[PDB]
Amino acid sequence: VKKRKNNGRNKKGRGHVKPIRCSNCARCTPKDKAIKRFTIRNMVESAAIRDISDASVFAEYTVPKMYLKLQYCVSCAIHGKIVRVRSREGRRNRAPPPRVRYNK
Amino acid sequence: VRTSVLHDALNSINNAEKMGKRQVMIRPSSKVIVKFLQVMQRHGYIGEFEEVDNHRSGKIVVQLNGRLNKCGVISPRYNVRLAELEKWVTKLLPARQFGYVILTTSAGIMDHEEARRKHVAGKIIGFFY
Amino acid sequence: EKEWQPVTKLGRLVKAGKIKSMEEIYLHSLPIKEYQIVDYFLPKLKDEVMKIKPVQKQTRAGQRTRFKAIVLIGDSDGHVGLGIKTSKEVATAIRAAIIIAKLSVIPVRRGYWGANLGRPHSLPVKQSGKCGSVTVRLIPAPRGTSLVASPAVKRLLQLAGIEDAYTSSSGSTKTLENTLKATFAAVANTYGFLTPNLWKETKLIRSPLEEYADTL
Amino acid sequence: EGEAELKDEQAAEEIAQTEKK
Amino acid sequence: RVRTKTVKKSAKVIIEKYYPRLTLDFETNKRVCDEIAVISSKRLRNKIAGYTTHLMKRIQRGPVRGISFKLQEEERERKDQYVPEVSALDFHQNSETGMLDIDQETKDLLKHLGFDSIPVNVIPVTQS
Amino acid sequence: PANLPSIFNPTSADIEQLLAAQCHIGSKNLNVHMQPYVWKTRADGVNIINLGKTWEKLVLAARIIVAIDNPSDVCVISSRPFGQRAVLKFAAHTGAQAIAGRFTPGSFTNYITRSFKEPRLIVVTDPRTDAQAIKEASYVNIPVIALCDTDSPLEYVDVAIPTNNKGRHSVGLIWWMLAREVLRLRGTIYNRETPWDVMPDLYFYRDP
Amino acid sequence: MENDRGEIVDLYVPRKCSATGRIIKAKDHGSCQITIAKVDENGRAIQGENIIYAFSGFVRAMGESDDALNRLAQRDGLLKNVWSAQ
Amino acid sequence: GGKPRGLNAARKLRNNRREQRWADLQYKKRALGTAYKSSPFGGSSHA
RNA sequence: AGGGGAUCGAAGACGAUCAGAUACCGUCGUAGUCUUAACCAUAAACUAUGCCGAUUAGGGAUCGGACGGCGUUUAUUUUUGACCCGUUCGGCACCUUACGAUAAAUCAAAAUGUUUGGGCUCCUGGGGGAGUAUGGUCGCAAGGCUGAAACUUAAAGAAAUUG
Ligand SMILES: [Zn+2]
């Protein structure tokens, strides 16, 4: 039986695609099959910003950000709880989850 | 490629009738197609049809009124004697009372019942009931 | 046991004798939901149970067993039907099965082979039906031959009033439940075939429900 | 195994009515 | 401490049958229930009285869905005949002028039907 | 005009209320089956319904209602808040039962439920939001009449009245005109020319 | 209808769909009848006079009953300029 | 599906049936005469 | 057979773990990994779905070309380019639906098939023995193509339901 209509790959209209290296176990997987996450964060955590802020010599200062793109094989994706198993009917839903914008 | 214009015309009619429409369009027109429709028309299975004349081959627009179950074509035109004509009506006709099998003979194309009256045989080309 | 109380509007009209015969219901295609309607119009309907087969279900303690019954009825004069119901008790299932069979009674169309001389004996045309990998085909036959079929489907045709026919089967016919349901669908479609003798236009009349006023 | 109550059923007719010795 | 269906179901019918006979006081409500009901336990009677006096406290400020008594209905259908003196559809009295505003291609529809005499104002509509 | 005289024309008064209630405004999505009831599409905007064709279907729907022997066999349905009051008022003026709010599925199929009905005709405010009512009608042979917008399913919908179907005023006004026509064909109003004494705003909705 | 010596032998004669002409079978739930009243000269509804139509379940499921009724109603002179062929 | 259907294709149809007839097990043992060769009885009933 | 040989790393040598560990983990490391001139012809070489032609239902996205239009932007500025609206031809795909099909999972084809015929090529006939023995042919070799019999057995297998 086919578990997924797209074979869980997202590759139709071509024959080959170069692989990539997993960011955790350094495995080789096709680029279209890997799970990709883009992350934007600050250099320092929010509790430490005040100590840096008042120790500067430039009056008001803005700590820079850091930009990373991590990408995993499926075996490392669901062991680190990046994604998890869904139900049979809930599998066919590709909308990104609604991030909480009120936080109680 | 197009190897039997007769099959294309009969197939297109069957699809439209099964879905309940009232009119059909046929892109290529030939003498055998027109002579086939006339046999159906004389028994009330269709209404008027008209053949618009473009300079290539012309088209046909047939008017349907229900009453039609199926119309098919036999692709290899076998040779049938007069004595074995009763084998075919047993095969591809729902009942003995009604239905027609179309033949082609040296006296024009005709249904299986008048050909018995004229005592003539030939080749088989299709059926409708 | 005692007199029944009609629950639907149609049931009240039947009790008051406002409709002539069951074919009046058939002509207007009205649903039937009360088994007291059928036996009021069609007495002497014979019933005969086919077989009972157990079905299992696995649970923590053990296995749970239920009994399934198949029952078909008919009058040998153009009416036939069947029903299937399962229950925890053998006797209970049979009683409930007969009720479902009565609700599904349908008419059949009988024609002639060749020339007509009264009292049609065979099917008018050849018809077939399919129910889950089983196909049954029926062919009209000349007068004189009997019914040529397996014992399972010969019984159903006997109660429908059909006298002469030819039969053909395909697929896995060992599934008795599927075989009977396929035959029942083929006979039901006899009135759905438009023969040339039915081309004559008919007059539309109002249904009995609309023009009668029911009691309170 | 529904053969317990066929002795005194009288509410249905079986196919092969079992003759008794 | 959650009340089951038997206490809640019995409390609903008491309120609608006898609304004015019992009041916000818990002590008085205790004596109304046992007179107009058949309860075989004092503890069950106490719980019934506790819930019904709580229900009328929230009834005092706005009605609650699931509760209906005679005084509430009669007030409801008194309000449902409310009707203004000038119709909202009527526009001769409304607006600084009687004539109203429409767009261009609606008037062409009016011309097709023949009702040209209707006083309207046409304004072009396009954003692109 | 083999079966209708010329006294059925819309007249200037009836039309004047229709375009003042925004009954000629449709949605952007256009169903293929609703193409005939479209006059033109607005440049950079919505479709526009043909009000002239609206009157003929409204009269035809009313003529079907009168044919019913006893008025209690007609049923009128509404679920959205904008149509609750208009349905109840329609039931009071004529003879009809009204179902407002939840439908309690199984009403037309189960014979032991409290709200068991055996109607001969069904009138529905919105086919999309009242799909359950239409679905059960297909089981027991009842024709369906419904108010439809530019986009709406038309399965098992024999008669369709093109209207806004979503406006506050539009939904109420159409139900009012339908009631007036039913009484006109009977002897209640006694004349086409005489005006009715009930005000159109009575068939509206109120927030509390 | 069938005959042997000129007398009908069919159990009953079924009806036909008005839109397509197919026979409406028994137990075909979803098939309805539409009755339209007949009005007199002054607008009142004549009692006992009406026009009857029948539609099969097949055409209703497709969603074509609205257009089918318009063509039939206009043909019997019940409506004006609402249905046409392009 | 996929058979030759023309009016002059009697050679292909006859050849095809001869080749595929060997896939049958009952016919294959009859044509090769294994009973005459390998069976302890010389193709007879008793011994 | 020559050139090149940074990085990884079949074989090999050690350190731990373990009752044992010729492995998983760690430090080294040869052929190979790259290129020129010649051989080899096999992959879950997969959409497990052969090729040509006709007909059958609604929708919104997208890539390439043409045609029509209200505006904005902009240049030695117009015509062109960028954005917006609509029609059409040719593609990689998707959502809903079932009049249809199937054992089912599911499918705009896997539909127009018991009411069975538009044209053409190849392959399969219960499970093992077995892609094995032998003969032939191609290759430097590893191997490729073609391909049995004796004997043995009442079940292997597919889709879904409850534990
Ligand atoms: Zn990994």
# chains A, B, ... in the order shown; residues from 1 in each chain; ligands from 1

$ residues_near_ligand --ligand "ligand 1" --cutoff "9 Å" --atoms "only C-alpha atoms (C1' of nucleotides) and all ligand atoms" --output "number ranges by chain"
A: 21-28, 71-77

$ write_last_selection --atoms "N, CA, C and O atoms" --output "mmCIF file, in the first residue's frame"
data_model
loop_
_atom_site.group_PDB
_atom_site.id
_atom_site.type_symbol
_atom_site.label_atom_id
_atom_site.label_comp_id
_atom_site.auth_asym_id
_atom_site.auth_seq_id
_atom_site.Cartn_x
_atom_site.Cartn_y
_atom_site.Cartn_z
ATOM 1 N N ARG A 21 23.661 16.756 3.938
ATOM 2 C CA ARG A 21 24.132 16.147 5.176
ATOM 3 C C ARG A 21 23.223 16.527 6.340
ATOM 4 O O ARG A 21 22.932 17.709 6.543
ATOM 5 N N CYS A 22 22.783 15.524 7.100
ATOM 6 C CA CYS A 22 21.961 15.779 8.277
ATOM 7 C C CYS A 22 22.747 16.572 9.312
ATOM 8 O O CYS A 22 23.951 16.374 9.489
ATOM 9 N N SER A 23 22.056 17.477 10.001
ATOM 10 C CA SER A 23 22.716 18.367 10.945
ATOM 11 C C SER A 23 22.979 17.713 12.293
ATOM 12 O O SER A 23 23.622 18.331 13.146
ATOM 13 N N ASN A 24 22.506 16.487 12.505
ATOM 14 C CA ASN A 24 22.686 15.786 13.769
ATOM 15 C C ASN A 24 23.571 14.557 13.650
ATOM 16 O O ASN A 24 24.563 14.440 14.375
ATOM 17 N N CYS A 25 23.243 13.627 12.754
ATOM 18 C CA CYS A 25 24.017 12.405 12.594
ATOM 19 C C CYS A 25 24.861 12.394 11.329
ATOM 20 O O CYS A 25 25.526 11.390 11.061
ATOM 21 N N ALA A 26 24.851 13.476 10.548
ATOM 22 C CA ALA A 26 25.645 13.579 9.322
ATOM 23 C C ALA A 26 25.309 12.456 8.340
ATOM 24 O O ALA A 26 26.189 11.803 7.779
ATOM 25 N N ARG A 27 24.016 12.236 8.137
ATOM 26 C CA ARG A 27 23.529 11.275 7.161
ATOM 27 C C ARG A 27 23.254 11.968 5.831
ATOM 28 O O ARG A 27 23.127 13.192 5.757
ATOM 29 N N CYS A 28 23.153 11.169 4.775
ATOM 30 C CA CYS A 28 22.876 11.675 3.436
ATOM 31 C C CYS A 28 21.421 11.391 3.089
ATOM 32 O O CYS A 28 20.988 10.235 3.114
ATOM 33 N N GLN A 71 18.572 21.400 9.424
ATOM 34 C CA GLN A 71 17.852 20.477 8.556
ATOM 35 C C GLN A 71 18.236 19.047 8.898
ATOM 36 O O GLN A 71 19.422 18.727 9.006
ATOM 37 N N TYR A 72 17.227 18.196 9.077
ATOM 38 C CA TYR A 72 17.394 16.883 9.677
ATOM 39 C C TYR A 72 16.863 15.806 8.744
ATOM 40 O O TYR A 72 16.041 16.064 7.863
ATOM 41 N N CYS A 73 17.348 14.586 8.951
ATOM 42 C CA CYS A 73 16.679 13.414 8.416
ATOM 43 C C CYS A 73 15.440 13.124 9.254
ATOM 44 O O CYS A 73 15.272 13.648 10.357
ATOM 45 N N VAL A 74 14.559 12.280 8.715
ATOM 46 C CA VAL A 74 13.309 11.999 9.412
ATOM 47 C C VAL A 74 13.573 11.231 10.702
ATOM 48 O O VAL A 74 12.847 11.396 11.689
ATOM 49 N N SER A 75 14.606 10.388 10.725
ATOM 50 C CA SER A 75 14.902 9.614 11.927
ATOM 51 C C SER A 75 15.286 10.527 13.086
ATOM 52 O O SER A 75 14.895 10.283 14.232
ATOM 53 N N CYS A 76 16.056 11.580 12.811
ATOM 54 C CA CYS A 76 16.410 12.549 13.840
ATOM 55 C C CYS A 76 15.335 13.603 14.058
ATOM 56 O O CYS A 76 15.403 14.333 15.052
ATOM 57 N N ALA A 77 14.352 13.703 13.163
ATOM 58 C CA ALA A 77 13.329 14.729 13.313
ATOM 59 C C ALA A 77 12.321 14.385 14.401
ATOM 60 O O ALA A 77 11.933 15.260 15.183
#

$ interface_residues --of "chain C" --to "chain I" --cutoff "7 Å" --atoms "only C-alpha atoms (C1' of nucleotides)" --output "ChimeraX atom specification"
/C:57-60,137

$ atom_distance --atom1 "atom CA of residue 10 of chain E" --atom2 "atom CA of residue 116 of chain F"
26.5 Å

$ interface_residues --of "chain C" --to "chain F" --cutoff "8 Å" --atoms "only C-alpha atoms" --output "count of residues only"
6

$ select_by_dssp --residues "chain A" --states "strand (DSSP E or B)" --output "list in words"
residues 19, 20, 21, 28, 29, 30, 35, 36, 37, 38, 39, 40, 41, 42, 65, 66, 67, 68, 69, 70, 71 and 72 of chain A

$ closest_atom_pairs --of "chain F" --to "chain I" --cutoff "9 Å" --atoms "only C-alpha atoms (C1' of nucleotides)" --output "Markdown table"
| residue | atom | partner | partner_atom | distance |
| --- | --- | --- | --- | --- |
| F:31 | CA | I:58 | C1' | 8.6 |
| F:32 | CA | I:58 | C1' | 8.0 |
| F:44 | CA | I:85 | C1' | 7.7 |

$ closest_residue --among "C:175, C:63, C:36, C:29" --to "chain G" --atoms "only C-alpha atoms"
C:29

$ residues_around --residues "residue 159 of chain I" --least-positions-apart "5" --cutoff "10 Å" --atoms "only C-alpha atoms (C1' of nucleotides)" --output "PDB file with N, CA, C and O atoms (P, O5', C5', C4', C3', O3' and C1' of nucleotides), in the first residue's frame"
ATOM      1  N   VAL A   1       0.823  -1.202   0.000  1.00  0.00           N
ATOM      2  CA  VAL A   1       0.000   0.000   0.000  1.00  0.00           C
ATOM      3  C   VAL A   1       0.856   1.251   0.000  1.00  0.00           C
ATOM      4  O   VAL A   1       1.951   1.263   0.555  1.00  0.00           O
TER       5      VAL A   1
ATOM      6  P     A I 103     -14.134  -6.528  -7.484  1.00  0.00           P
ATOM      7  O5'   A I 103     -13.927  -6.230  -5.933  1.00  0.00           O
ATOM      8  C5'   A I 103     -14.833  -6.715  -4.953  1.00  0.00           C
ATOM      9  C4'   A I 103     -14.149  -6.846  -3.617  1.00  0.00           C
ATOM     10  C3'   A I 103     -13.569  -5.561  -3.046  1.00  0.00           C
ATOM     11  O3'   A I 103     -14.541  -4.768  -2.389  1.00  0.00           O
ATOM     12  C1'   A I 103     -11.964  -7.275  -2.897  1.00  0.00           C
ATOM     13  P     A I 104     -14.911  -3.301  -2.918  1.00  0.00           P
ATOM     14  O5'   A I 104     -13.977  -2.347  -2.049  1.00  0.00           O
ATOM     15  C5'   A I 104     -14.069  -2.336  -0.632  1.00  0.00           C
ATOM     16  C4'   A I 104     -12.707  -2.338   0.017  1.00  0.00           C
ATOM     17  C3'   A I 104     -11.899  -1.054  -0.108  1.00  0.00           C
ATOM     18  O3'   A I 104     -12.239  -0.108   0.886  1.00  0.00           O
ATOM     19  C1'   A I 104     -10.535  -2.900  -0.667  1.00  0.00           C
ATOM     20  P     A I 105     -12.038   1.460   0.621  1.00  0.00           P
ATOM     21  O5'   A I 105     -10.458   1.646   0.698  1.00  0.00           O
ATOM     22  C5'   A I 105      -9.779   1.658   1.944  1.00  0.00           C
ATOM     23  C4'   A I 105      -8.282   1.607   1.754  1.00  0.00           C
ATOM     24  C3'   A I 105      -7.676   2.801   1.039  1.00  0.00           C
ATOM     25  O3'   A I 105      -7.432   3.886   1.914  1.00  0.00           O
ATOM     26  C1'   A I 105      -6.857   0.809   0.069  1.00  0.00           C
TER      27        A I 105
END
